[PDB]
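Structure record follows, encoded as structure tokens.
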There are 2 protein chains.
Amino acid sequence: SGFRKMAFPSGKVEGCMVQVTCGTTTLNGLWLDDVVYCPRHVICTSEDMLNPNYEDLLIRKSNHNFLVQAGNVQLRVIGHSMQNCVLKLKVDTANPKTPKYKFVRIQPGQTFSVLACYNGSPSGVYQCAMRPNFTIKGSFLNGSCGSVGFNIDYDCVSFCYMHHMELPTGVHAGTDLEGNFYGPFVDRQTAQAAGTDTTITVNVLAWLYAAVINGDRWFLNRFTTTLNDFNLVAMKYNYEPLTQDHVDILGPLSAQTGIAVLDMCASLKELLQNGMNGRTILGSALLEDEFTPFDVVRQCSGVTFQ
Amino acid sequence: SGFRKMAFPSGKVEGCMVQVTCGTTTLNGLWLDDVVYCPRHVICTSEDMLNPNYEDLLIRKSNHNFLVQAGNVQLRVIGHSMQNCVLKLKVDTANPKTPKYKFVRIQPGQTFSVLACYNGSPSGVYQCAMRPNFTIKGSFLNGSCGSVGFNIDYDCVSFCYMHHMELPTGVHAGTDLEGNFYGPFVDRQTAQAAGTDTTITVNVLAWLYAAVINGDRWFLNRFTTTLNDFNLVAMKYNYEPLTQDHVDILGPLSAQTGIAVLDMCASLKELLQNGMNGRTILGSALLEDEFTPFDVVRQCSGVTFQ
Ligand SMILES: O=C(c1cc(=O)[nH]c(=O)[nH]1)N1CCN(c2ccc(Cl)c(C(F)(F)F)c2)CC1
Ligand SMILES: O=C(c1cc(=O)[nH]c(=O)[nH]1)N1CCN(c2ccc(Cl)c(C(F)(F)F)c2)CC1
């Protein structure tokens, strides 16, 4: 038993991280087969950040403007191109530690692990969710651009995020691995801000189920509600509305605890309207929304990976 | 002068459309180089639509289960694979009419052209916008799946949309060409609905500028407002908030008409609070939000394509 913010083991990703230097700018790249992927703003200088013209900036570069280091070994760049907001650097050596992988775009509310890196060197791993406003509340310092987010499905690494920038409010924005931004952000220095965030309701319910599984039951009650009566209350507290598909997804947790989804919604309704009254749930005094139903099952039933 | 809902010329795309049959199900595919792209639900039957397991359904198929027709010529399938929600069928012949192309993911509020097709045969072209709730208000009948949306930048076709399904409200949902859905939709038959839509404010302003350029001036006034006072009123009418980046984007239209953006916002504020009073703007009695600032410049200044 117990319940922790658990990340995926990062070994398979650590062996793909490299350092990319162009001019005086260094950041992290992802080396898979014979291609290194990195944020295209590595080709920018100080004068270019405001209104960069990336097609111009790129035609003015040659392969030898790009220094790529895999630890000590130097990787020779034999070609380069742009795909949306990422740069693809073809190199002469295919990464022998390339895992089975795919590129996937995730949806708001889904979670992933982040391998934070500096100078091509992995520094730490942590779990976060893609927020409904398409930002992540990460932890990133200067030099972390090109760090990646990922999930592991069996033997296969699904890459879903590459880090590009920090917004003024201290939250983080990036792209999928095809270079398409999450959210309405652009890789230049303008006055862009995240829109208002909401709480991920299906995740809060999954976490309440984890609590019951681990022996926290004080918030339960005998009442029941309907989808439309719950969603009416959720709107007022900036909670995402609850769909029939969400109810279906919570099925395995309903089954294991014998507490129906709409039964648990009535407990959530009470918690939103009266607060927690100085009591905690799984060691928290706030309702937690960064665990999916799948995260909970994985941690409260047990699935490993190859 | 004049102002019409204008689509891009479709010739370069018409030559890429093919018909894909698997079993008793036929729909449209996109044939570029030696790959045919189509919705993966072509491999589903009636019993599978509710809860398909696509990895299972695909392993049970072989190359000869897939009939691909380019007009009269038959294309031999020599391999197949899945990328997210699209099927990639490798064929023995590279399309000689493959244009210069790229795959791009668009943002809510951007417009594109749709080439509606049936049985691999192009039927019509029309312009639409990606709505803020990630649906499009298309026009599609049975058999239109795999029809694509695109923009043309100079000589290059940017594919941004492939059609997968119609929602219960009569609006349409699909993926980018890497197979990732726009919006929180899945390719199975569940009870999914679009969230609430909003009006694309920067597009309404661009259209008011087109009106001034074409001689409709009755809605202008001498007042001015601030970004925050406008956005306060826009919230109440379900209009997207206006950013500084939006103001910058409208620059060329401000310059050509000599009417400042915040000046035009005050006219919009009046129109929202008092209505149009039986008058029309560019032949419409409603405020139109499916023209971008770029669409207006293109039509009210003139850019061609190769
Ligand atoms: O390494 C970090 C960092 C990341 C982080 O998350 N937090 C933090 O403090 N620092 N940099 C390096 C430089 N970056 C940057 C460079 C050029 C451009 Cl054009 C842009 C763009 F956003 F405008 F596209 C960004 C932003 C911050
Ligand atoms: O051709 C049309 C059509 C499109 C349109 O836009 N309007 C219209 O009337 N008909 N079909 C064909 C069959 N389609 C379908 C088949 C299997 C699956 Cl699994 C799914 C999925 F959505 F569940 F993934 C959809 C939906 C409607």
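Letters go in sequence order (proteins before strands), and every chain restarts at 1. Start at 1 and go down the list; that is how both ligands and their atoms are numbered. Only this structure's heavy atoms are used, side chains among them; waters, hydrogens and symmetry mates stay out.
- Applying the side chain to side chain donor-acceptor pair (under 3.5 Å) criterion to B/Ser62, with sequence neighbours excluded, gives B/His64, B/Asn65.
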Pair up each side-chain donor or acceptor in residues 137-146 of chain A with any protein partner under 3.5 Å, not counting sequence neighbours, and list the distances.
from	atom 1	to	atom 2	distance (Å)
A/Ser144	OG	A/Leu141	O	2.8

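- Annotation: ring-ring contact (aromatic ring centres under 6.0 Å, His included) contacts of B/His246 (sequence neighbours excluded): none.
- For B/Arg105 and B/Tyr161, the positive end is not near the middle of the six-membered ring at less than 6.0 Å and at most 45° from its axis.
- Around ligand 2, the residues contributing at least one heavy atom under 4.0 Å from the ligand are B/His41, B/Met49, B/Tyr54, B/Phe140, B/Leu141, B/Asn142, B/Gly143, B/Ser144, B/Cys145, B/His163, B/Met165, B/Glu166, B/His172, B/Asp187, B/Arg188, B/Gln189.
- In this structure, the side chain of A/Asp176 does not engage the main chain of A/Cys160 through any donor-acceptor pair within 3.5 Å.
- Judged by distance alone, the side chains of A/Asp245 and A/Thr243 never bring a donor and an acceptor atom under 3.5 Å apart.
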